[PDB]
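In the structure tokens that follow, a single protein chain appears in two forms: structure 1, then structure 2.
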Structure 1
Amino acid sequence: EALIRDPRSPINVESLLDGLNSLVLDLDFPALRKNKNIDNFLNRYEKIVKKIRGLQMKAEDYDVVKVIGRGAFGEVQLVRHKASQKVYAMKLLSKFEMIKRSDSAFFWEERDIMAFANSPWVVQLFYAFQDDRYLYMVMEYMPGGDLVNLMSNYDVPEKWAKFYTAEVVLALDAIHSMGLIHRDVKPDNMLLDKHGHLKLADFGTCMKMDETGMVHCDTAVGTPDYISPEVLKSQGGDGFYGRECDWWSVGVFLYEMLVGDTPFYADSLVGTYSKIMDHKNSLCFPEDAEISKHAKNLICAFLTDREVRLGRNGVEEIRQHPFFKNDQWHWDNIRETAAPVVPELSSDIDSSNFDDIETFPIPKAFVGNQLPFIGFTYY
């Protein structure tokens, strides 16, 4: 009875309602309705279930203002909740696409992190809900935009890069202390709030660690420009690695902010993969770079193999690095100091810091396509 009230429980009221609602969806087809048992359930429950569908949070309760992000299986929408008039970013994930592409389980960690991290470094989730087509995650809007947009609009000086690198480190350290490795650290995932401070956002590739702090994985995951050698090398077989893969992707981020291009750019994915493999040779700063010895040192200390990578022993050895010497902020208070770019926002749906941007087949027998999504609804 404690778990029925526990928002972390798999058998709370919201998951029970998901169970009943998924069942009705997956049975209500005339073919399956020839079974009398199936029809005896559906006629008894159809009316109340459609009443429940209207009363629970649904997509029509939101006004879609503009699309501000896209991803493999859906989009992010800037929405206004009609009743409350509050403003949110709503992420949609396609159930058809996720089933078709056998990718229907990455979203639990994403949901739980944003729902429960309760951290200034993690975008908070207020509501998760679903309909027969989509999963929805209603998050706090990040009007600052992402670091892609920022780098597109400024020549980033080393004083700014110091700041964003420090905040990314504290954000990644925060996610580490929850037992997770991010595995897909990129400027597209680094968003800025009303005040210009960083939060992490796309936790689709995240994974919980061992008691050893390790993870077993055989799939290379993340983004090609930012993937570390150990994760890339794990596509073969029996990859065993720890959180220090996120520090590799901080180094790629530092290079990109200061140099203007990713360190292992290539005109093919296949080329990028090969450069990362050959990183001890392909990593090469342009001659006209004009980047400090301290910045080059930190970048190079991140863009190494895990055995000699800065951060392997913890974050303290990152924090004391001389590149982070500065007269603006400390590691203790950085988020309470002034950001390099404070966003000038004209409305609560000002979206000026974001660039502009098939159904299930009717079953013949019970397939259960709605079953992988039971328990996703939250609050």
Structure 2
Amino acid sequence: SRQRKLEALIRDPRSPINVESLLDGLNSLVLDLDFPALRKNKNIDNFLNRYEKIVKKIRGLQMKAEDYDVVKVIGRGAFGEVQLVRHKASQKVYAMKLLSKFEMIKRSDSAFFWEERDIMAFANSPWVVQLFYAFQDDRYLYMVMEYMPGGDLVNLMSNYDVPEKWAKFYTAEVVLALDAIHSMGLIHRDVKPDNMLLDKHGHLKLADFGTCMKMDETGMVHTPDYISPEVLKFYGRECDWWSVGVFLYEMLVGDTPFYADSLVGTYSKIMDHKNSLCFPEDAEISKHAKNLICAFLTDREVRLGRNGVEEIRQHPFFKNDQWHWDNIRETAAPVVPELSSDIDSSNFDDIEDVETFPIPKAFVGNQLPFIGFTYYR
């Protein structure tokens, strides 16, 4: 039936015409028309009068920023911040990412959040931070995610001298996490320890999917210290595997392989990786660890990971007496976080602390790029 086919489209949570997206369309239409200049048009003024009471009722019922208490700012980004929040009714703690609609439109970057929201909402993977809710108001997009109290791998590296047994565990967990992202047809493009978070048990999850891109049928897609040579000079999955080599080097050596005083010096060192990569003589690194770093830090054509993840899995570096690839996330992590409460943000450094869209004379549609963002798990 045509009515059955149409009702199936609205029930689908991945559908652009689900009830949440249809409510976004109505909310956005009201937001973009409720201006004194536009209200001079009888069509616009009468429509706003008809939908005024129901839209105000809907606004009070739907999820909003006022349903959460902001505890602390635990992160900052180009377009907003990440807050540690507590839901006022349920008393449950989450991490909430905010994205400024004004900054996203002004800096012509207003489409990256679709894949970010979808990866977190629909991955169903223990390696990806879960999104519970996605909602919005006139100024921001909000993403309510699981809070990772263990902090990131930048914080871990600065508080510990990482032994090779630990480095082996974290690299293996990054490998499985990137294999999960790659299996969903995506390339991360920003693999760095700042985006590798640890949960309450010390296990890894990836976060910040703002650079993720869906790869085409060929498996292709059209940060200075972690950027690969091919992006500096049309990239595939092995672009993410470069960053894993840089990460394993930073963990074992204590410094980045292509560190330099200037940004141009660092770029020059990455282009010259065939001669600029060298392990310090004091370095306490095994032959297998140097071999694995070197297999990742090569030109894209011969790089480890180009032919999937099976070649990475069988590398001799990963041989150990604690875990297997099928059970690594259910074994004891090297560092188990010592938390004093559900809002303990001691594994996060303190963050140091406004503009709106101009009132329009004619219809501009600033809310239109955000229709369909709302999602409730």
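Between two forms, the rigid core is the largest collection of C-alphas that superpose within 1.5 Å. Here, a residue number simply tells you its place in the sequence of structure 1, counted from 1.
- When both forms sit on the same rigid core, the CA shifts between structure 1 and structure 2 reach 2 angstroms or more only at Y273 out of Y88, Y273, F96, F116.
- Remark: with the core as the superposition reference, the CA shift of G71 between structure 1 and structure 2 stays below 2 Å.
- Core-aligned CA deviation for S177 between structure 1 and structure 2: less than 2 Å.
- Core-superposed comparison between structure 1 and structure 2: the Cα of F285 travels 2 Å or more.
- With both forms fitted on their core, the C-alpha atom of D261 sits 2.2 Å from where it sits in the other form; this compares the forms between structure 1 and structure 2.
- CA movement of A295 between structure 1 and structure 2 equals 1.6 Å, with the two forms superposed on the rigid core.
- Taking the core as reference, the C-alpha deviation of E60 between structure 1 and structure 2 is 0.2 Å.
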